[PDB]
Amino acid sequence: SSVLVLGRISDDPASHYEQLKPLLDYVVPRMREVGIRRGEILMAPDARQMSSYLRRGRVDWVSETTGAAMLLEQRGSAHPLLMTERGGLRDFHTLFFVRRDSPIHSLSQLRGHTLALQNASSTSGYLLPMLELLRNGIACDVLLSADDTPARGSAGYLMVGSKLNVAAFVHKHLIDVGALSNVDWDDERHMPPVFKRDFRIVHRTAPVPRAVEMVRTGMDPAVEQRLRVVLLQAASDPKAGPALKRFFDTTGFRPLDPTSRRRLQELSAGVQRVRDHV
């Protein structure tokens, strides 16, 4: 009530912490006029724990990619505050990549082969590629280990965790295909040029909005309204520049409109379909 709790779903609380605190310290002062005296960070390992936190009022505000955000909205636990823009981009998309020497030239040829995915909360590294497979009728069974092979006829996926692991498992001939975002592709820490030069892109998904600020359901409306106003004016405030750079390189927030509302409804439909089948 008197505390504002910011978080996100995170498999790396050590890095993500420092990405959240600066913006929080910018925001908290500017909320005094609606009750807020202080702030805390509270991350969670997955969507299900974050969702519990949200419903129990232990977290108030999260910044998420849009697939992950819909996982939270589906469980009744949060709703969108603003659309968020990162690295100058409103949208992003997933691409599937193989080694150049691979026989694979199209999504349809994932059949008989393995796919590296990230973790169940990743928009670009799990939700969107699984959705893509569903749309194309490509069965994709979970594989238990890198020794396990798919059915002849189906793809199979292996959860490798990190973005770097997706690149490194495929580079080293351990798994046939990898899924990463288009942003991830041009980012050298997750797609090292030494691996990239040995990869070829074989499929692209349709884009989705890049990210969204979500707030817990039950948030007091004047707190909600004011958090919205504080973030909206942050992009243009010099005093917020460093914090926004730290906050996953956020370069803009904007209100919701009929388009972004529709596109999240579509993406939520797809996410639910991924969840219905996995």
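In this text, residue numbers run from 1 along the sequence as written.
Query raised in the report: Which has higher Cα B-factors on average according to the PDB entry: 12-20 or 266-274?
Result: If you average the C-alpha B-factors of 266-274 and of 12-20, the larger mean comes out for 12-20.
Report task. Between 61-69 and 24-32, point out the one with the higher average CA B-factor as the PDB entry records it. Result -> Between 61-69 and 24-32, it is 24-32.
Query raised in the report: Which one of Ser108, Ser181, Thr114, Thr205 shows the biggest C-alpha B-factor in the PDB entry?
Result: Max CA B-factor in the entry, restricted to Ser108, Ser181, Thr114, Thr205: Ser108.
Query - Top residue by Cα temperature factor, when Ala139, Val160, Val170, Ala151 are compared in the entry - result: By C-alpha B-factor in the record, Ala151 ranks first.
Query - CA B-factor ranking of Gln225, expressed as a third of its chain - result: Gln225: CA B-factor falls in the highest third of its chain.
Report task. Compare the C-alpha B factor of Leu81 with those of the other modelled residues in its chain, then answer lowest, middle or highest third. Result -> Its C-alpha B-factor, which the entry lists for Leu81, ranks in the middle third among residues of this chain.
Requested in this report: Grab the CA temperature factor for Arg75 from the record and place it in the lowest, middle or highest third of its chain.
Outcome: For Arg75, whose C-alpha B-factor we compare with every modelled residue in the chain, the answer is the highest third.
Requested in this report: Select lowest, middle or highest to describe the third in which the CA B-factor of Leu143 falls within its chain in this entry.
Outcome: According to the entry, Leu143 has a C-alpha B-factor in the chain's lowest third.
Report task. Classify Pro103 as lowest, middle or highest third according to the C-alpha B-factor given in the PDB entry, relative to its own chain. Result -> Highest third of the chain for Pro103's C-alpha B-factor.
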